[PDB]
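Q: Quick one, input11.pdb (PDB, C-alpha atoms (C1' of nucleotides)):
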```pdb
MODEL        1
ATOM      1  CA  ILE A   1      10.406  -0.404  22.063  1.00  0.00           C
ATOM      2  CA  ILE A   2      12.887  -0.455  19.182  1.00  0.00           C
ATOM      3  CA  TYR A   3      10.881  -2.861  17.002  1.00  0.00           C
ATOM      4  CA  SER A   4       7.431  -1.331  17.503  1.00  0.00           C
ATOM      5  CA  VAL A   5       7.622   2.467  17.281  1.00  0.00           C
ATOM      6  CA  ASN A   6       9.226   3.176  13.896  1.00  0.00           C
ATOM      7  CA  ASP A   7       8.696   6.930  13.720  1.00  0.00           C
ATOM      8  CA  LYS A   8      11.272   9.565  14.592  1.00  0.00           C
ATOM      9  CA  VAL A   9       9.532  11.981  16.975  1.00  0.00           C
ATOM     10  CA  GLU A  10       7.647   9.074  18.540  1.00  0.00           C
ATOM     11  CA  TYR A  11      11.020   7.338  18.822  1.00  0.00           C
ATOM     12  CA  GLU A  12      12.781   9.993  20.888  1.00  0.00           C
ATOM     13  CA  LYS A  13       9.638  10.525  22.982  1.00  0.00           C
ATOM     14  CA  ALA A  14       9.519   6.814  23.825  1.00  0.00           C
ATOM     15  CA  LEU A  15      13.263   6.849  24.505  1.00  0.00           C
ATOM     16  CA  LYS A  16      13.035   9.853  26.849  1.00  0.00           C
ATOM     17  CA  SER A  17      10.082   8.348  28.720  1.00  0.00           C
ATOM     18  CA  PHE A  18      11.950   5.051  29.105  1.00  0.00           C
ATOM     19  CA  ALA A  19      14.955   6.927  30.490  1.00  0.00           C
ATOM     20  CA  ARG A  20      12.645   8.776  32.894  1.00  0.00           C
ATOM     21  CA  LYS A  21      10.872   5.687  34.248  1.00  0.00           C
ATOM     22  CA  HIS A  22      14.049   3.602  34.502  1.00  0.00           C
ATOM     23  CA  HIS A  23      16.479   5.368  36.814  1.00  0.00           C
ATOM     24  CA  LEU A  24      19.057   5.945  34.077  1.00  0.00           C
ATOM     25  CA  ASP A  25      20.160   9.495  33.252  1.00  0.00           C
ATOM     26  CA  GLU A  26      18.696  10.769  29.983  1.00  0.00           C
ATOM     27  CA  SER A  27      21.965  12.512  29.067  1.00  0.00           C
ATOM     28  CA  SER A  28      23.831   9.955  26.966  1.00  0.00           C
ATOM     29  CA  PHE A  29      20.915   7.507  26.937  1.00  0.00           C
ATOM     30  CA  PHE A  30      19.100   9.232  24.089  1.00  0.00           C
ATOM     31  CA  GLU A  31      22.358  10.140  22.325  1.00  0.00           C
ATOM     32  CA  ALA A  32      23.519   6.540  22.236  1.00  0.00           C
ATOM     33  CA  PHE A  33      19.986   5.247  21.598  1.00  0.00           C
ATOM     34  CA  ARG A  34      19.184   7.504  18.641  1.00  0.00           C
ATOM     35  CA  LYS A  35      21.412   5.909  15.965  1.00  0.00           C
ATOM     36  CA  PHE A  36      20.051   2.366  15.693  1.00  0.00           C
ATOM     37  CA  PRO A  37      19.750   0.763  12.345  1.00  0.00           C
ATOM     38  CA  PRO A  38      16.071  -0.206  12.073  1.00  0.00           C
ATOM     39  CA  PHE A  39      15.494  -3.943  12.357  1.00  0.00           C
ATOM     40  CA  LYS A  40      15.748  -5.870   9.111  1.00  0.00           C
ATOM     41  CA  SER A  41      12.266  -6.830   7.946  1.00  0.00           C
ATOM     42  CA  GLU A  42      12.272 -10.605   8.382  1.00  0.00           C
ATOM     43  CA  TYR A  43      10.197 -13.105  10.350  1.00  0.00           C
ATOM     44  CA  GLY A  44      10.958 -16.613  11.546  1.00  0.00           C
ATOM     45  CA  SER A  45       9.165 -19.791  10.564  1.00  0.00           C
ATOM     46  CA  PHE A  46       7.349 -20.195  13.895  1.00  0.00           C
ATOM     47  CA  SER A  47       5.429 -17.983  16.312  1.00  0.00           C
ATOM     48  CA  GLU A  48       6.331 -16.758  19.790  1.00  0.00           C
ATOM     49  CA  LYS A  49       4.078 -19.144  21.733  1.00  0.00           C
ATOM     50  CA  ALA A  50       5.323 -22.234  19.894  1.00  0.00           C
ATOM     51  CA  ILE A  51       8.992 -21.355  20.407  1.00  0.00           C
ATOM     52  CA  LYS A  52       8.180 -20.512  24.036  1.00  0.00           C
ATOM     53  CA  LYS A  53       6.805 -24.020  24.486  1.00  0.00           C
ATOM     54  CA  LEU A  54       9.824 -25.477  22.643  1.00  0.00           C
ATOM     55  CA  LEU A  55      12.826 -23.834  24.333  1.00  0.00           C
ATOM     56  CA  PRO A  56      12.612 -25.277  27.912  1.00  0.00           C
ATOM     57  CA  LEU A  57      13.129 -28.848  26.699  1.00  0.00           C
ATOM     58  CA  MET A  58      16.320 -28.099  24.754  1.00  0.00           C
ATOM     59  CA  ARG A  59      17.652 -26.028  27.620  1.00  0.00           C
ATOM     60  CA  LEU A  60      20.271 -27.852  29.690  1.00  0.00           C
ATOM     61  CA  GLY A  61      22.314 -27.036  32.762  1.00  0.00           C
ATOM     62  CA  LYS A  62      21.522 -24.157  35.097  1.00  0.00           C
ATOM     63  CA  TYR A  63      19.297 -22.436  32.524  1.00  0.00           C
ATOM     64  CA  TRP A  64      17.011 -25.506  32.497  1.00  0.00           C
ATOM     65  CA  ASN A  65      14.494 -26.445  35.182  1.00  0.00           C
ATOM     66  CA  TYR A  66      11.605 -28.903  35.191  1.00  0.00           C
ATOM     67  CA  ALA A  67       8.992 -26.341  36.274  1.00  0.00           C
ATOM     68  CA  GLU A  68       9.207 -24.433  32.961  1.00  0.00           C
ATOM     69  CA  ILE A  69       7.906 -27.431  30.974  1.00  0.00           C
ATOM     70  CA  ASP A  70       4.183 -26.921  30.475  1.00  0.00           C
ATOM     71  CA  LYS A  71       1.446 -29.293  31.612  1.00  0.00           C
ATOM     72  CA  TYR A  72       1.073 -31.271  28.377  1.00  0.00           C
ATOM     73  CA  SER A  73       4.793 -31.799  27.772  1.00  0.00           C
ATOM     74  CA  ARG A  74       5.294 -32.713  31.438  1.00  0.00           C
ATOM     75  CA  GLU A  75       2.515 -35.292  31.103  1.00  0.00           C
ATOM     76  CA  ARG A  76       4.135 -36.683  27.952  1.00  0.00           C
ATOM     77  CA  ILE A  77       7.519 -36.772  29.719  1.00  0.00           C
ATOM     78  CA  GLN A  78       5.944 -38.815  32.515  1.00  0.00           C
ATOM     79  CA  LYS A  79       4.341 -41.086  29.910  1.00  0.00           C
ATOM     80  CA  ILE A  80       7.669 -41.602  28.127  1.00  0.00           C
ATOM     81  CA  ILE A  81       9.654 -42.366  31.286  1.00  0.00           C
ATOM     82  CA  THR A  82       6.838 -44.630  32.498  1.00  0.00           C
ATOM     83  CA  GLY A  83       6.731 -46.493  29.185  1.00  0.00           C
ATOM     84  CA  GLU A  84       2.936 -46.804  29.231  1.00  0.00           C
ATOM     85  CA  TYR A  85       0.727 -46.865  26.126  1.00  0.00           C
ATOM     86  CA  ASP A  86      -0.608 -43.619  24.651  1.00  0.00           C
ATOM     87  CA  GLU A  87      -2.453 -43.156  21.368  1.00  0.00           C
ATOM     88  CA  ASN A  88      -0.684 -39.809  20.822  1.00  0.00           C
ATOM     89  CA  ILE A  89       2.771 -41.409  21.259  1.00  0.00           C
ATOM     90  CA  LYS A  90       4.053 -43.582  18.418  1.00  0.00           C
ATOM     91  CA  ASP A  91       6.427 -46.548  18.386  1.00  0.00           C
ATOM     92  CA  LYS A  92       9.142 -44.549  16.608  1.00  0.00           C
ATOM     93  CA  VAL A  93       9.092 -42.244  19.642  1.00  0.00           C
ATOM     94  CA  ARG A  94      10.034 -45.040  22.008  1.00  0.00           C
ATOM     95  CA  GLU A  95      12.576 -46.169  19.427  1.00  0.00           C
ATOM     96  CA  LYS A  96      14.216 -42.738  19.632  1.00  0.00           C
ATOM     97  CA  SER A  97      13.425 -42.048  23.311  1.00  0.00           C
ATOM     98  CA  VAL A  98      15.009 -45.256  24.634  1.00  0.00           C
ATOM     99  CA  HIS A  99      17.710 -43.102  26.243  1.00  0.00           C
ATOM    100  CA  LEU A 100      15.028 -40.877  27.839  1.00  0.00           C
ATOM    101  CA  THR A 101      14.667 -43.152  30.858  1.00  0.00           C
ATOM    102  CA  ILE A 102      14.741 -40.436  33.536  1.00  0.00           C
ATOM    103  CA  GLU A 103      13.367 -36.905  33.790  1.00  0.00           C
ATOM    104  CA  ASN A 104      16.970 -35.671  33.912  1.00  0.00           C
ATOM    105  CA  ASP A 105      17.532 -37.080  30.401  1.00  0.00           C
ATOM    106  CA  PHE A 106      15.277 -34.291  29.041  1.00  0.00           C
ATOM    107  CA  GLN A 107      18.214 -31.898  28.786  1.00  0.00           C
ATOM    108  CA  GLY A 108      19.504 -30.527  25.504  1.00  0.00           C
ATOM    109  CA  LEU A 109      17.084 -32.241  23.129  1.00  0.00           C
ATOM    110  CA  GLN A 110      17.427 -31.387  19.451  1.00  0.00           C
ATOM    111  CA  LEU A 111      14.779 -29.585  17.410  1.00  0.00           C
ATOM    112  CA  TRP A 112      12.926 -32.715  16.273  1.00  0.00           C
ATOM    113  CA  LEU A 113      12.769 -34.283  19.749  1.00  0.00           C
ATOM    114  CA  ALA A 114      11.488 -31.140  21.465  1.00  0.00           C
ATOM    115  CA  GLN A 115       9.052 -30.402  18.633  1.00  0.00           C
ATOM    116  CA  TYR A 116       7.556 -33.884  18.813  1.00  0.00           C
ATOM    117  CA  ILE A 117       7.285 -33.842  22.604  1.00  0.00           C
ATOM    118  CA  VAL A 118       5.561 -30.451  22.506  1.00  0.00           C
ATOM    119  CA  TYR A 119       3.155 -31.172  19.636  1.00  0.00           C
ATOM    120  CA  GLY A 120       3.379 -34.869  18.730  1.00  0.00           C
ATOM    121  CA  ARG A 121       4.387 -34.750  15.046  1.00  0.00           C
ATOM    122  CA  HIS A 122       7.699 -35.917  13.553  1.00  0.00           C
ATOM    123  CA  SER A 123       8.081 -32.720  11.516  1.00  0.00           C
ATOM    124  CA  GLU A 124       5.779 -32.116   8.537  1.00  0.00           C
ATOM    125  CA  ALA A 125       4.670 -35.606   7.480  1.00  0.00           C
ATOM    126  CA  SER A 126       2.136 -34.336   4.888  1.00  0.00           C
ATOM    127  CA  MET A 127      -1.365 -35.749   4.368  1.00  0.00           C
ATOM    128  CA  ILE A 128      -1.046 -37.553   0.983  1.00  0.00           C
ATOM    129  CA  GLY A 129      -4.774 -37.181   0.322  1.00  0.00           C
ATOM    130  CA  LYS A 130      -6.952 -38.636  -2.438  1.00  0.00           C
ATOM    131  CA  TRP A 131      -9.737 -36.923  -4.369  1.00  0.00           C
ATOM    132  CA  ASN A 132     -12.791 -39.097  -5.006  1.00  0.00           C
ATOM    133  CA  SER A 133     -14.794 -37.266  -7.705  1.00  0.00           C
ATOM    134  CA  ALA A 134     -14.958 -34.065  -9.730  1.00  0.00           C
ATOM    135  CA  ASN A 135     -16.530 -32.482  -6.630  1.00  0.00           C
ATOM    136  CA  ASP A 136     -13.167 -32.384  -4.837  1.00  0.00           C
ATOM    137  CA  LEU A 137     -11.452 -30.955  -7.887  1.00  0.00           C
ATOM    138  CA  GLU A 138     -13.970 -28.204  -8.502  1.00  0.00           C
ATOM    139  CA  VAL A 139     -13.902 -27.335  -4.788  1.00  0.00           C
ATOM    140  CA  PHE A 140     -10.107 -27.089  -5.012  1.00  0.00           C
ATOM    141  CA  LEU A 141     -10.398 -24.666  -7.904  1.00  0.00           C
ATOM    142  CA  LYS A 142     -13.147 -22.710  -6.127  1.00  0.00           C
ATOM    143  CA  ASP A 143     -10.880 -22.289  -3.086  1.00  0.00           C
ATOM    144  CA  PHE A 144      -7.811 -21.315  -5.129  1.00  0.00           C
TER     145      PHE A 144
ATOM    146  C1'   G B   1      12.164 -36.875   0.513  1.00  0.00           C
ATOM    147  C1'   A B   2      10.748 -33.542   4.890  1.00  0.00           C
ATOM    148  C1'   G B   3      11.847 -29.956   8.866  1.00  0.00           C
ATOM    149  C1'   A B   4      14.781 -26.031  10.937  1.00  0.00           C
ATOM    150  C1'   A B   5      19.024 -22.619  10.689  1.00  0.00           C
ATOM    151  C1'   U B   6      22.379 -19.361   7.990  1.00  0.00           C
ATOM    152  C1'   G B   7      23.897 -16.590   3.309  1.00  0.00           C
ATOM    153  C1'   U B   8      23.225 -15.638  -2.510  1.00  0.00           C
ATOM    154  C1'   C B   9      20.122 -14.449  -6.771  1.00  0.00           C
ATOM    155  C1'   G B  10      15.089 -13.370  -8.537  1.00  0.00           C
ATOM    156  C1'   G B  11       9.839 -12.652  -8.985  1.00  0.00           C
ATOM    157  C1'   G B  12       4.853 -10.988  -7.265  1.00  0.00           C
ATOM    158  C1'   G B  13       1.625  -7.931  -4.432  1.00  0.00           C
ATOM    159  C1'   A B  14       0.331  -3.714  -1.620  1.00  0.00           C
ATOM    160  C1'   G B  15       1.481   1.250   0.078  1.00  0.00           C
ATOM    161  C1'   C B  16       3.331   6.783   0.986  1.00  0.00           C
ATOM    162  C1'   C B  17       4.819  10.694  -2.243  1.00  0.00           C
ATOM    163  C1'   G B  18       7.247  13.846  -6.546  1.00  0.00           C
ATOM    164  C1'   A B  19       7.945  16.266 -11.764  1.00  0.00           C
ATOM    165  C1'   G B  20       6.253  16.738 -16.585  1.00  0.00           C
ATOM    166  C1'   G B  21       3.055  16.156 -20.695  1.00  0.00           C
ATOM    167  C1'   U B  22      -1.897  16.913 -22.757  1.00  0.00           C
ATOM    168  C1'   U B  23      -6.894  19.161 -23.376  1.00  0.00           C
ATOM    169  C1'   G B  24      -9.784  23.692 -21.865  1.00  0.00           C
ATOM    170  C1'   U B  25     -10.492  28.837 -19.348  1.00  0.00           C
ATOM    171  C1'   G B  26      -8.338  33.736 -18.528  1.00  0.00           C
ATOM    172  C1'   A B  27      -4.358  37.168 -19.490  1.00  0.00           C
ATOM    173  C1'   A B  28       0.437  39.739 -21.689  1.00  0.00           C
ATOM    174  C1'   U B  29       2.954  40.167 -26.449  1.00  0.00           C
ATOM    175  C1'   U B  30       3.594  38.960 -31.638  1.00  0.00           C
ATOM    176  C1'   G B  31       2.009  36.647 -36.102  1.00  0.00           C
ATOM    177  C1'   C B  32      -0.844  33.882 -40.835  1.00  0.00           C
ATOM    178  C1'   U B  33      -5.849  33.878 -43.274  1.00  0.00           C
ATOM    179  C1'   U B  34     -10.649  35.757 -44.283  1.00  0.00           C
ATOM    180  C1'   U B  35     -14.425  39.333 -43.886  1.00  0.00           C
ATOM    181  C1'   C B  36     -16.020  44.041 -42.615  1.00  0.00           C
ATOM    182  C1'   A B  37     -13.834  48.463 -43.156  1.00  0.00           C
ATOM    183  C1'   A B  38     -11.755  53.509 -44.839  1.00  0.00           C
ATOM    184  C1'   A B  39      -7.274  55.928 -47.417  1.00  0.00           C
ATOM    185  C1'   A B  40      -4.203  55.689 -51.792  1.00  0.00           C
ATOM    186  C1'   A B  41      -2.144  53.804 -56.871  1.00  0.00           C
ATOM    187  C1'   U B  42      -6.542  44.886 -59.956  1.00  0.00           C
ATOM    188  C1'   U B  43      -2.625  46.550 -56.160  1.00  0.00           C
ATOM    189  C1'   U B  44      -0.519  48.978 -51.137  1.00  0.00           C
ATOM    190  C1'   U B  45      -1.507  51.183 -46.149  1.00  0.00           C
ATOM    191  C1'   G B  46      -5.152  51.819 -41.655  1.00  0.00           C
ATOM    192  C1'   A B  47      -9.435  50.531 -37.680  1.00  0.00           C
ATOM    193  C1'   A B  48     -12.661  46.063 -35.985  1.00  0.00           C
ATOM    194  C1'   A B  49     -14.287  40.946 -35.695  1.00  0.00           C
ATOM    195  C1'   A B  50     -13.676  35.909 -36.461  1.00  0.00           C
ATOM    196  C1'   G B  51     -10.643  31.220 -37.430  1.00  0.00           C
ATOM    197  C1'   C B  52      -5.635  29.119 -36.335  1.00  0.00           C
ATOM    198  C1'   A B  53      -1.607  29.920 -33.726  1.00  0.00           C
ATOM    199  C1'   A B  54       3.360  30.715 -31.250  1.00  0.00           C
ATOM    200  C1'   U B  55       6.462  32.312 -25.938  1.00  0.00           C
ATOM    201  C1'   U B  56       5.315  32.914 -20.586  1.00  0.00           C
ATOM    202  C1'   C B  57       1.979  32.770 -16.113  1.00  0.00           C
ATOM    203  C1'   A B  58      -2.411  31.542 -13.007  1.00  0.00           C
ATOM    204  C1'   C B  59      -6.216  28.144 -13.101  1.00  0.00           C
ATOM    205  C1'   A B  60      -9.817  23.487 -14.464  1.00  0.00           C
ATOM    206  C1'   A B  61      -9.595  18.256 -15.716  1.00  0.00           C
ATOM    207  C1'   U B  62      -6.417  14.004 -16.309  1.00  0.00           C
ATOM    208  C1'   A B  63      -9.745   7.088 -17.665  1.00  0.00           C
ATOM    209  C1'   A B  64     -16.644   8.381 -18.734  1.00  0.00           C
ATOM    210  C1'   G B  65     -18.931   8.057 -13.674  1.00  0.00           C
ATOM    211  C1'   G B  66     -20.739   6.967  -8.141  1.00  0.00           C
ATOM    212  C1'   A B  67     -20.185   7.562  -2.858  1.00  0.00           C
ATOM    213  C1'   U B  68     -18.850   9.999   1.719  1.00  0.00           C
ATOM    214  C1'   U B  69     -17.356  14.582   5.247  1.00  0.00           C
ATOM    215  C1'   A B  70     -13.507  10.050   7.281  1.00  0.00           C
ATOM    216  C1'   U B  71      -7.876  14.763   7.389  1.00  0.00           C
ATOM    217  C1'   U B  72     -12.147   7.679   3.845  1.00  0.00           C
ATOM    218  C1'   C B  73     -12.781   6.007  -1.101  1.00  0.00           C
ATOM    219  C1'   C B  74     -14.479   2.822  -5.371  1.00  0.00           C
ATOM    220  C1'   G B  75     -13.507   2.669 -11.022  1.00  0.00           C
ATOM    221  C1'   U B  76      -7.975  -0.975 -16.586  1.00  0.00           C
ATOM    222  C1'   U B  77      -7.144  -7.913 -11.467  1.00  0.00           C
ATOM    223  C1'   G B  78      -9.128 -12.973 -11.263  1.00  0.00           C
ATOM    224  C1'   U B  79     -13.925 -16.247 -10.906  1.00  0.00           C
ATOM    225  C1'   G B  80     -18.405 -16.690 -13.281  1.00  0.00           C
ATOM    226  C1'   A B  81     -24.792 -15.877 -14.069  1.00  0.00           C
ATOM    227  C1'   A B  82     -25.905 -15.440  -8.421  1.00  0.00           C
ATOM    228  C1'   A B  83     -24.722  -8.944 -12.021  1.00  0.00           C
ATOM    229  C1'   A B  84     -23.168 -12.675  -7.108  1.00  0.00           C
ATOM    230  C1'   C B  85     -18.307 -12.620  -5.246  1.00  0.00           C
ATOM    231  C1'   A B  86     -12.549 -12.628  -3.983  1.00  0.00           C
ATOM    232  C1'   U B  87      -8.776  -9.250  -3.040  1.00  0.00           C
ATOM    233  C1'   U B  88     -10.431  -5.367   4.629  1.00  0.00           C
ATOM    234  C1'   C B  89     -13.375  -8.931   8.552  1.00  0.00           C
ATOM    235  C1'   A B  90     -14.827 -12.143  15.896  1.00  0.00           C
ATOM    236  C1'   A B  91     -14.991 -11.555  21.061  1.00  0.00           C
ATOM    237  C1'   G B  92     -12.457 -10.162  25.511  1.00  0.00           C
ATOM    238  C1'   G B  93      -8.667  -9.276  28.981  1.00  0.00           C
ATOM    239  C1'   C B  94      -3.254  -8.073  30.167  1.00  0.00           C
ATOM    240  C1'   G B  95       0.405  -4.652  28.230  1.00  0.00           C
ATOM    241  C1'   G B  96       4.458  -1.053  25.495  1.00  0.00           C
ATOM    242  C1'   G B  97       4.369   4.147  22.501  1.00  0.00           C
ATOM    243  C1'   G B  98       3.409   8.858  22.414  1.00  0.00           C
ATOM    244  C1'   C B  99      -0.193  16.104  23.143  1.00  0.00           C
ATOM    245  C1'   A B 100      -3.726  12.054  21.953  1.00  0.00           C
ATOM    246  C1'   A B 101      -6.103  10.545  17.936  1.00  0.00           C
ATOM    247  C1'   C B 102      -3.718   6.195  16.463  1.00  0.00           C
ATOM    248  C1'   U B 103       0.157   2.423  16.450  1.00  0.00           C
ATOM    249  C1'   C B 104       2.609  -2.207  18.274  1.00  0.00           C
ATOM    250  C1'   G B 105       2.878  -7.062  21.401  1.00  0.00           C
ATOM    251  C1'   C B 106       1.144 -11.243  25.103  1.00  0.00           C
ATOM    252  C1'   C B 107      -2.763 -14.435  27.029  1.00  0.00           C
ATOM    253  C1'   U B 108      -8.163 -17.591  26.752  1.00  0.00           C
ATOM    254  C1'   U B 109     -12.278 -19.173  23.503  1.00  0.00           C
TER     255        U B 109
ENDMDL
END
```
Kindly return the structure encoded in the file as structure tokens.

A:
Amino acid sequence: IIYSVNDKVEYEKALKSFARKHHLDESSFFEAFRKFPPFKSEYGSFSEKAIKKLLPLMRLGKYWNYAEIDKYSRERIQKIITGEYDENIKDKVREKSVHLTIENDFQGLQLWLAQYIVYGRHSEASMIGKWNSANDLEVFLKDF
RNA sequence: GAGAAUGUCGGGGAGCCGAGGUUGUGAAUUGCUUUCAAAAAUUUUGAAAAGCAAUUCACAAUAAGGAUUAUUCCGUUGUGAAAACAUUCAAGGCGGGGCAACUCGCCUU
């Protein structure tokens, strides 16, 4: 509500309607909720869906549970604990995931571990590439 | 070297608006010059028009031009022969926001 409707009259109308639907008295609700500095215009590197897929793995403790890991990452977790051979899992993974013997070991993984398990790439590894003729070059300029 | 996170300093692009200036029209006042045009002693005064103006106000335009009736625009950018582009660009659904137009998120190809 705060982030989306950035217009004054619309803002107090949304605030009053929110205070009506939610059983909270619209007496100090709108007075406290009128003076908000507007959110600083900045956006993160990733999107909502990607971070949604990422967070459950690096959760640990009571805030973590196995059911919140999606189908693909659960399958990859089973593959890692099993130790079987997958084309989408590299040898460096097993090198790093030697401690990931049990499903309980998937608690509090760092950014790189969770990112790889979710999407299978050890960060941005680039593509190197190699042009073969003037055709590639002129295409590159055409697409600039 | 790469990724992410937090601060600092810059640059670029797009957008919503404001005040002048200028050119022209009309008007109020006051001038310079010329001609008509009378009076008076080549010269001085008086009526009219034109040319150029000055101070103030209202208005028209503000790249020549071309659309359109959406409370929308394109016209000083780049590429290059196609006088053709780029700078808006799919479909749904599940939602938040308002008097609603409209605006803002989530999910699947």

Q: What residues in chain A lie within 9 Å of chain B, counting all atoms listed in the file, written as a PyMOL selection string?

A: chain A and resi 1+3-5+9-11+13-14+45+111-112+122-126+142

Q: Would you save the residues of that selection, restricted to C-alpha atoms, as a PDB file, in the frame of the given file?

A:
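Result went into part-v9.pdb, see below:
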```
ATOM      1  CA  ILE A   1      10.406  -0.404  22.063  1.00  0.00           C
ATOM      2  CA  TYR A   3      10.881  -2.861  17.002  1.00  0.00           C
ATOM      3  CA  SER A   4       7.431  -1.331  17.503  1.00  0.00           C
ATOM      4  CA  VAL A   5       7.622   2.467  17.281  1.00  0.00           C
ATOM      5  CA  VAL A   9       9.532  11.981  16.975  1.00  0.00           C
ATOM      6  CA  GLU A  10       7.647   9.074  18.540  1.00  0.00           C
ATOM      7  CA  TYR A  11      11.020   7.338  18.822  1.00  0.00           C
ATOM      8  CA  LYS A  13       9.638  10.525  22.982  1.00  0.00           C
ATOM      9  CA  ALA A  14       9.519   6.814  23.825  1.00  0.00           C
ATOM     10  CA  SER A  45       9.165 -19.791  10.564  1.00  0.00           C
ATOM     11  CA  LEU A 111      14.779 -29.585  17.410  1.00  0.00           C
ATOM     12  CA  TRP A 112      12.926 -32.715  16.273  1.00  0.00           C
ATOM     13  CA  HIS A 122       7.699 -35.917  13.553  1.00  0.00           C
ATOM     14  CA  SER A 123       8.081 -32.720  11.516  1.00  0.00           C
ATOM     15  CA  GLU A 124       5.779 -32.116   8.537  1.00  0.00           C
ATOM     16  CA  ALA A 125       4.670 -35.606   7.480  1.00  0.00           C
ATOM     17  CA  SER A 126       2.136 -34.336   4.888  1.00  0.00           C
ATOM     18  CA  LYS A 142     -13.147 -22.710  -6.127  1.00  0.00           C
TER      19      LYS A 142
END
```

Q: Between CA of residue 107 in chain A and CA of residue 48 in chain A, what is the spacing in Å?

A: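 These atoms are spaced 21.2 Å apart.
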
Q: For this file, the PyMOL selection byres ((chain A and resi 108) around 7) selects which residues, as a PyMOL selection string?

A: chain A and resi 57-60+106-107+109-110

Q: Keeping only C-alpha atoms, write the selected residues to a file as a PDB file, in the frame of the given file.

A:
```
ATOM      1  CA  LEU A  57      13.129 -28.848  26.699  1.00  0.00           C
ATOM      2  CA  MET A  58      16.320 -28.099  24.754  1.00  0.00           C
ATOM      3  CA  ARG A  59      17.652 -26.028  27.620  1.00  0.00           C
ATOM      4  CA  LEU A  60      20.271 -27.852  29.690  1.00  0.00           C
ATOM      5  CA  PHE A 106      15.277 -34.291  29.041  1.00  0.00           C
ATOM      6  CA  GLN A 107      18.214 -31.898  28.786  1.00  0.00           C
ATOM      7  CA  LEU A 109      17.084 -32.241  23.129  1.00  0.00           C
ATOM      8  CA  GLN A 110      17.427 -31.387  19.451  1.00  0.00           C
TER       9      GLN A 110
END
```

Q: One number please: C1' of residue 34 in chain B to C1' of residue 46 in chain B, in Å, one decimal.

A: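 Value for the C1' of residue 34 in chain B-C1' of residue 46 in chain B distance: 17.2 Å.
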
Q: Given the file shown, enumerate the residues that the PyMOL selection byres ((chain A and resi 70) around 12) captures and present them as a ChimeraX atom specification.

A: /A:49-50,52-57,65-69,71-77,117-119

Q: Write out as a ChimeraX atom specification the residues lying within 12 Å of residue 24 in chain B, counting only C-alpha atoms (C1' of nucleotides) and excluding same-chain residues fewer than 3 positions away.

A: /B:59-62

Q: Next, write the just-selected residues to a file, as a PDB file, in the coordinates of the input, keeping C-alpha atoms (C1' of nucleotides) as the atom set.

A:
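Output below, filename out23.pdb:
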```
ATOM      1  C1'   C B  59      -6.216  28.144 -13.101  1.00  0.00           C
ATOM      2  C1'   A B  60      -9.817  23.487 -14.464  1.00  0.00           C
ATOM      3  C1'   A B  61      -9.595  18.256 -15.716  1.00  0.00           C
ATOM      4  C1'   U B  62      -6.417  14.004 -16.309  1.00  0.00           C
TER       5        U B  62
END
```

Q: With all atoms listed in the file as the atoms that count, which of B:42, B:50, B:75, B:5 lies nearest to residue 63 in chain B?

A: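 Between B:42, B:50, B:75, B:5, the residue approaching residue 63 in chain B most closely is B:75.
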
Q: Kindly give the distance, in Å, that separates CA of residue 15 in chain A and CA of residue 32 in chain A, rounded to a single decimal.

A: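 Computing it gives 10.5 Å between the two atoms.
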
Q: Would you mind listing what lies within 12 Å of residue 30 in chain B as a PDB file with C-alpha atoms (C1' of nucleotides), in the coordinates of the input, with only C-alpha atoms (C1' of nucleotides) counted and same-chain residues fewer than 5 positions away left out?

A:
```pdb
ATOM      1  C1'   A B  53      -1.607  29.920 -33.726  1.00  0.00           C
ATOM      2  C1'   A B  54       3.360  30.715 -31.250  1.00  0.00           C
ATOM      3  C1'   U B  55       6.462  32.312 -25.938  1.00  0.00           C
TER       4        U B  55
END
```

Q: Edge lengths and centre in Å to one decimal, as AutoDock Vina command-line options, of the axis-aligned box that encloses all listed atoms of range 111-125 of chain A with 8 Å added on every side?

A:
```
--center_x 9.0 --center_y -32.8 --center_z 15.0 --size_x 27.6 --size_y 22.3 --size_z 31.1
```

Q: Up to 8 Å from (17.0, 6.6, 17.5) in the file's coordinates: name the residues, counting all atoms listed in the file, as a CSV table (one decimal) with C-alpha atoms, in the frame of the given file.

A:
```csv
chain,number,residue,atom,x,y,z
A,8,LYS,CA,11.3,9.6,14.6
A,11,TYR,CA,11.0,7.3,18.8
A,12,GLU,CA,12.8,10.0,20.9
A,15,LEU,CA,13.3,6.8,24.5
A,30,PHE,CA,19.1,9.2,24.1
A,33,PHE,CA,20.0,5.2,21.6
A,34,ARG,CA,19.2,7.5,18.6
A,35,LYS,CA,21.4,5.9,16.0
A,36,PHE,CA,20.1,2.4,15.7
```

Q: Going by the chain IDs and residue numbers used in this file, which residues fall under the PyMOL selection byres ((chain A and resi 93) around 12)? Write them as a PyMOL selection string.

A: chain A and resi 76-77+79-81+83+85-92+94-100+112-117+120-122
